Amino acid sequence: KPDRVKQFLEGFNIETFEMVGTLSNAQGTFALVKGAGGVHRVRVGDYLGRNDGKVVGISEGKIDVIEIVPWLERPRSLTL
């Protein structure tokens, strides 16, 4: 079931985004996602796109997302 305050990158089409790298720093790991006119530092547990796309993993140049669609889980990836 889709649920919460939606994040910024939920207001745009996920197909327009691009994974451009992984950055880790003292606070943990982020995927660098180009979309909506900028590069965002996206964490595991953040959301991308219009279908409740939850970021569940960042590894090996790939973001793993689980969307919720008519409800079914539908994985998606964004890769370098």
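Counting begins at 1, following the sequence as shown.
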property: Residues of the deposited sequence that sit between residue 71 and residue 70 yet are not modelled; result: 4 to 9
property: Absent coordinates between residue 3 and residue 4 - deposited residues affected, binned into four classes; result: 1 to 3
property: Higher-scoring stretch by recorded Cα B factor average, 21-29 or 8-16; result: 8-16
property: Third of chain Cα B-factors occupied by residue 35; result: middle
